[PDB]
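Spelled out from the first residue to the last, the chains are:
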Amino acid sequence: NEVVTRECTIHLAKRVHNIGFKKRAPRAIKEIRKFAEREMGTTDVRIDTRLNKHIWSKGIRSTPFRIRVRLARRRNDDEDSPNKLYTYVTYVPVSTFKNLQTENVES
Amino acid sequence: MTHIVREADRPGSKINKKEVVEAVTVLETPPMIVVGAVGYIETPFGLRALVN
Amino acid sequence: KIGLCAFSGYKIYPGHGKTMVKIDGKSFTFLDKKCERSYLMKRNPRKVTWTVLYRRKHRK
Amino acid sequence: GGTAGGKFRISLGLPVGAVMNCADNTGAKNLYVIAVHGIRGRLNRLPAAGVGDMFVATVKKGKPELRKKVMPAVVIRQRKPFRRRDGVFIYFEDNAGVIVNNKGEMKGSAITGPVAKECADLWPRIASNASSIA
Amino acid sequence: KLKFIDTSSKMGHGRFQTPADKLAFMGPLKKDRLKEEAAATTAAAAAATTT
RNA sequence: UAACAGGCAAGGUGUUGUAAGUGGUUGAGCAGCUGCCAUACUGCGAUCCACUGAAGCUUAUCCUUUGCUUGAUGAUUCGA
């Protein structure tokens, strides 16, 4: 394998709970990272700038509750780092988060 | 915890034969399996586990 | 045993809420605090759309 | 006196010095808690009264032969919710009490409202003078 | 001798003892209304493309 | 290897208390328009009603589990 692409839905308001407002969330950018570090095992996480534009959509106080992302695992290309595999987290604009099961298949 | 309703059975208090609320606690207790035995002798310094 | 809520129209098992006595003196047994608060706030129980008195002014 | 049986500890809503209403037709329009008739006391703790508590009163609005003078009084209603053994938490719209004698005899002749039921089984002559117990 | 044991819901102010009583007092919701009429209806509507 | 967990999801349970859309004239009225034919629509109108006890949130220290999905490795030391 070593190149997988998952389309998953992270319940963000569960991670960023227990954190004070105005600090929820620049921690979502820190929880998208330690979420793509568990489901993909790689400790390198490149967050798409559109994921930034979406986590910062309702300000520093109000973040989404769910969010549907795509974790794409790829190989380092430019003078490969110590770890070959990195994750790239992209934002998927899903209208309804209901009955949306996690799919492991993605081209 | 869950709170019973019961009717009291105590002579002459002023809740005699009148139905009271109590609180109760719930303890999930699934069976003990006995898995060994220990013996204890008397010493002048205490009790002493002898055999297991 | 089973009181009726004077705001929401709900059955009340033992436990579960208050009994405000007025000095008229009418006794009012409420289900929980949400109801009694909306009574003293003088909301009308035919216009909060979740109670039994609203659910028989209409059917719902 | 009047006690037979045993009253349960309810929540004591009326401390020294609360001004409750007088519901007695004696012409007094106030009571004022000076003390409570069984309180032994603890350091910094105020004596407080609940339903069925005899207390020491003055009158702050009322007839001038009742004003400026210590008298005994029994509390018949209160605003602090209190539990009964039946699980009922019951409270009233007003704190009120009635001017009473030294031996539990009520001073006036009528009570303008309901008397709580924990009051009326201690004091028969307050039970005898009220429309609606509880 | 206990007369009654309150098994109402302790995640809030629970109003009903059994889930039957939540369907005796209240009715069917946009829920078991729809889920009891998305099975017997589709069993005669899955063949509508077939026929 | 996957009798197990983690993430979701579904259901429960709650909590706010009727979503958005669409339809109705629901509606106080309109220095608003409109034919002979007596007529009428509105992108005019707070509000109201229907779909709609809806919709939102619900473990992050809530409950349940055939659903979808993931899970071959570490390191330091220790002898009677």
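Residues numbered from 1 in each chain as written, not as in the entry; some residues may be left out. Chains lettered and ligands numbered in written order. Part of a larger assembly, values for the part shown. Heavy atoms only, no water.

Around RNA strand F, 38 residues are found, and the nearest of them are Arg6(A), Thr102(A), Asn104(A), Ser9(E) and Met11(E). Atoms of RNA strand F within 4 Å of the protein belong to the sugar or the phosphate in 74% of instances, the rest to bases. Within the backbone of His11(A), one N or O atom sits 3.0 Å away from a phosphate oxygen of RNA strand F. Here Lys60(C) contributes a backbone N or O atom positioned 2.9 Å from a phosphate oxygen of RNA strand F. Elements with a contribution of two residues or more to the surface near RNA strand F: β1 (5-11) and α1 (12-15) of chain A together with α2 (54-57) of chain C. Taken together, the residues of the surface near RNA strand F break down into 12 nonpolar, 13 polar and 13 charged. (Near = heavy atom within 4 Å. Polar contact = N/O pair within 3.5 Å; in protein donor to acceptor, adjacent residues only side chain to side chain. Helix = DSSP H or I, 4+ residues; strand = E, 2+ residues; numbered from the N terminus. Nonpolar A, V, L, I, M, F, W, Y, C, P; charged D, E, K, R; others polar.)

With that out of the way, let us pick up a positive patch on the surface. Taken together, the side chains of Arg46(C), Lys47(C), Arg55(C), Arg56(C), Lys57(C), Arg59(C) and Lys60(C) define a basic patch exposed on the protein surface. With respect to the helices and strands, the residue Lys47(C) is situated in the loop between α1 (33-40) and α2. (Patch = residues over 30% accessible without salt bridge, like charges linked within 9 Å, V, L, I, M, F, W, Y side chains within 5 Å. Areas by Shrake-Rupley, 256 points an atom, 1.4 Å probe, with all protein chains shown as cover. Salt bridge = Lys/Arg side-chain N within 4 Å of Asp/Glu carboxyl O. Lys, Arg positive; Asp, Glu negative; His and termini not counted. Charge placed at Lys NZ, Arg CZ, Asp CG, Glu CD.)

Accessible area lost when the parts come together is the quantity often used to give the size of an interface. Counting residues at the interface gives 9 residues for chain C and 11 residues for chain D. Carbon and sulfur atoms supply 60% of the area buried between chain C and chain D, which totals about 950 Å² over both sides. When the buried area of chain C at its contact with chain D is split by residue, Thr19(C), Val21(C) and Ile23(C) rank highest and sum to 58% of it. One can count 0 salt bridges joining chain C with chain D. Linking chain C with chain D are 5 residue pairs in polar contact. Elements supplying a minimum of two residues to the side of chain C that touches chain D: β3 (18-21) and α1 of chain C. (Contact = heavy atoms within 4.5 Å. Buried area = accessible area lost by both parts, 1.4 Å probe.)

Taken together, 4 strands build an open sheet; the order of strands is β4(C)-β3(C)-β8(D)-β7(D) and the sheet is mixed. Each edge of the open sheet carries a strand with a single partner, namely β4 (27-29) of chain C together with β7 (82-83) of chain D. Sheet topology places β3(C) next to strand β8 (residues 89-92) of chain D; 4 bridges connect them, and they run parallel. Counted as the bridge partner of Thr19(C) is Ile90(D) from β8(D). Contacts from α1(C) reach β3 and β4 of chain C together with β8 of chain D, with the element oriented near 20° to β3(C). (Pairing = 2+ DSSP bridges. Axes fitted to C-alpha atoms, helices over the stretch in contact; angles between N-to-C directions.)

Our focus in this paragraph is the arrangement of the chains. Here chain A and chain C are not in contact; the least distance found between their C-alpha atoms is 26 Å. You won't find any contact between chain D and chain E; their C-alpha atoms come no closer than 13 Å.

Our focus in this paragraph is a nonpolar patch on the surface. Residues and elements named next belong to chain B. The grouping of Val38, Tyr40 and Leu47 at the surface amounts to a nonpolar patch, some 340 Å² of accessible area in total. Looking at the secondary structure, you find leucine 47 in strand β4 (residues 46-49). With a relative accessible area of 57%, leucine 47 lands in the exposed category. (Buried < 20%, exposed > 50% of the residue type's maximum accessible area, 1.4 Å probe, protein only.)

Attention now goes to the pattern of salt bridges. Residue and element names in this part refer to chain A. Scanning the entire structure with this criterion turns up 13 salt bridges over all chains. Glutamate 2 is paired through a salt bridge with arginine 75; the nearest N and O atoms lie 2.9 Å apart. Here the residue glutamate 2 occupies a position in the segment before β1, and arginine 75 occupies one in strand β3 (residues 66-75), the gap between them amounting to 73 residues. Given a relative accessible area of 38%, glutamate 2 falls into the partly exposed group. Linked by salt bridges that have partners in common, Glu7, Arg70 and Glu106 make up one network.

Take the environment of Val59(D) next. Turning to its location among the elements, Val59(D) is positioned in the loop between β5 (54-58) and β6 (71-77). Filtering out sequence-adjacent residues up to four positions away, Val59(D) remains in contact with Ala28(D), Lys29(D), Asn30(D), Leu66(D), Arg67(D), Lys68(D), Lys69(D), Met71(D) and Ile99(D).

Residue and element names in this part refer to chain A. Positionally, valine 16 belongs in the loop between α1 and α2 (28-31). Spatially, the C-alpha atoms of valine 16 and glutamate 79 are 35 Å apart, while their sequence positions differ by 63 residues. What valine 16 contacts, discounting residues up to four positions off in sequence, is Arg24, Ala25, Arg27, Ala28 and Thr63.

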